[PDB]
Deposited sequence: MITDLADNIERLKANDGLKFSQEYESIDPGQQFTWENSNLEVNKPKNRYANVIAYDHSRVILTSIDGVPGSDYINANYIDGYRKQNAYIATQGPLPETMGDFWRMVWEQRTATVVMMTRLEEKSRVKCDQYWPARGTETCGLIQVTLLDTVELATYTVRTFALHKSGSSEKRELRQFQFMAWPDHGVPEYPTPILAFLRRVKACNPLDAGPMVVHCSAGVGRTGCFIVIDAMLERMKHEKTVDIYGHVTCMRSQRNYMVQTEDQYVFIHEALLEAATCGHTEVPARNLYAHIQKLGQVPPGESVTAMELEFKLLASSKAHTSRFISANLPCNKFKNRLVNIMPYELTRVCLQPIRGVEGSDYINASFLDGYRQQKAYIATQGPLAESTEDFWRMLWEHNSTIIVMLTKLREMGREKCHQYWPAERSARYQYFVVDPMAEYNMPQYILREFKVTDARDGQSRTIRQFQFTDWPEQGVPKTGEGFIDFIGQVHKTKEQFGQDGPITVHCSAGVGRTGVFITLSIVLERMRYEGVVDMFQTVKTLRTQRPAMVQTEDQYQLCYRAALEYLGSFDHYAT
């Protein structure tokens, strides 16, 4: 169904995207509805937007609070899922006065998962009101809400609550997943991040849970996307097919404008095409050994190993204007590797210095935070000043070097740091303070001072020296320890900036470092490993992360290693 889907997407996308527009504007459930309850004088203040109501036939009705008019109303509607009516609940971002009603719907519908598709504030405008306690427990109407734990990751946050309805002994658990990676304007660049989010929500929604309640601002746009994508994912899994037009049409028959923009309709097509193309490449940790075993074999209709094809599929799946500027020609070590405009690390210009805002480096997202790493080439004599400028400007106080200064008779990296006496690079005077030479790596400490104001910081450089000049490490044991030292030292000294990582071109050895940094910790906290999605994602931030298949294989070997060390 992949080729079909991709093909269908091709004609709709053709000619300024004419047929997509025609198809989208054609969505029509063909029914006449009513919403008296939404328009009752008593209920109007309960609607976030007067033009976003709930159809009477599909609305989620709250049990009535006898003697209190309008008490059965909330702006929300049931939404059909794959092969099951009313599988979800689409609702608006609660208002201060509907907070108790919202939690009451959660209790009554036996909901175990809340999906928030918005930030509380976007573009300085209020999209939703915070309806959960920032700490401890609060009472919203008849429901006691206790915040138990919060886990903030790069693209989303998970809050775990305990619920109690006053007047009863029962205690329930509620998990809120808030997606933080949707752009202020338009839809997301790639579907990988939302696809991953969808995956986690599903893994954590218990088997006996009532309908998940999904919401954004009006509870029609982003909410509609998450729901239609989740339903279609469940379908292509059981039927290897997909009917986006039909489902959106069914959604609209249950609620106000589900999937409210044409661009959202396209994003939905793109997201499901990638899901069908990549499949689910995640494996539980306890199955890592077995998985690696199979990756070493040749699949049925294939010629090479499953491992080689997986890596090869990482490729198969001009934002280089600055890097290609004539004034920056000699600021690139290996010209086949240049930073994407979107994620290039920019520097403050210097009058009279052409391209003074350029350095061959990219911002890469980590497990718990975005821009947690700066992937860059081994500094050149020509870019050494720019390198130190970049570290101060972007507050990076942890440097990771993955090569020797020279290997195989050629320079891999220029010695951009002072060894004996102090040295100044632009406005920064760097004093060498300590150098610890260990069996497999070196740790150097530097005092860096801004001569303009006398402010200083301590910069720590970790240089792994045991990487074979040809090939890759055999076990990855020493490298794993190295990864732990770097991050332990960062947390220890409370350094909050990004970690700058470099090798030759900042994509190969640097790719293994960052890939493992993410994967090894996620395996520790989530019990799963998804090498493919990790590298696929890093590659949207800098080209060629994890350059060769043997480096990719080492990533798997090292994860297995770490797994056994538990």
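**Q** Where does the model skip over parts of the deposited sequence?
**A** Model skips 318-321, 571-575 of the deposited chain.
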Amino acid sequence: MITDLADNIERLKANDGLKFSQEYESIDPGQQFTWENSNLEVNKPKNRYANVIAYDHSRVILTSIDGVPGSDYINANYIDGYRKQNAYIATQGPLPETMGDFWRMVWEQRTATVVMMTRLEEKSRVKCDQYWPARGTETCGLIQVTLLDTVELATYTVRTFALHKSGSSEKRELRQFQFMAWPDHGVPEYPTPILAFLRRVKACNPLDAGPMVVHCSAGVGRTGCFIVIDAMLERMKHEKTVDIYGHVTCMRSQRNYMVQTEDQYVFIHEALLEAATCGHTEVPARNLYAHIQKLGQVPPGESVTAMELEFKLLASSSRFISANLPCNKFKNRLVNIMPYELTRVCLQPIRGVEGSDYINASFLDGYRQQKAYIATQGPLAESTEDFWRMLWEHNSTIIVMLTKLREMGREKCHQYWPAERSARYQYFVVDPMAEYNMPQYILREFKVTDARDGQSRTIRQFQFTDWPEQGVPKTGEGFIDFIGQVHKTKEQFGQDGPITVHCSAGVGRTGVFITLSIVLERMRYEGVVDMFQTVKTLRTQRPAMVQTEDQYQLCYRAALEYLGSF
From here on, numbers count along this sequence of modelled residues.
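**Q** Per the record, averaged over C-alpha atoms, which has the higher B-factor: 213-221 or 165-173?
**A** Averaged over C-alpha atoms, the B-factors run higher in 165-173.
**Q** Quick one: say whether 174-182 or 308-316 has the higher mean Cα B-factor in the deposited entry.
**A** The recorded data point to 308-316.
**Q** When the CA B-factors of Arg460, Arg135, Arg255, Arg452 are compared as recorded in the entry, which is the largest?
**A** Of the options given, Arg135 has the highest CA B-factor in the PDB entry.
**Q** Say you rank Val201, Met390, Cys250, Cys327 by Cα B-factor from the PDB entry; which sits at the top?
**A** Checking the PDB record, the top C-alpha B-factor among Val201, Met390, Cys250, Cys327 is at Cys250.
**Q** Hey, what third does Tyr427 fall into on Cα B-factor, ranked over its chain?
**A** According to the entry, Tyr427 has a C-alpha B-factor in the chain's middle third.
**Q** Mind checking which third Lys474 falls in for C-alpha B-factor across the chain?
**A** According to the entry, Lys474 has a C-alpha B-factor in the chain's highest third.
**Q** Should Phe464 be placed in the lowest, middle or highest third of its chain by the C-alpha B factor in the entry?
**A** It belongs to the lowest third of the chain when residues are ordered by C-alpha B-factor.
**Q** Classify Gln551 as lowest, middle or highest third according to the C-alpha B-factor given in the PDB entry, relative to its own chain.
**A** Its C-alpha B-factor belongs to the lowest third of this chain's values.
**Q** What third of the chain, by the recorded C-alpha B-factor, contains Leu62?
**A** For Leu62, the deposited C-alpha B-factor lands in the middle third.
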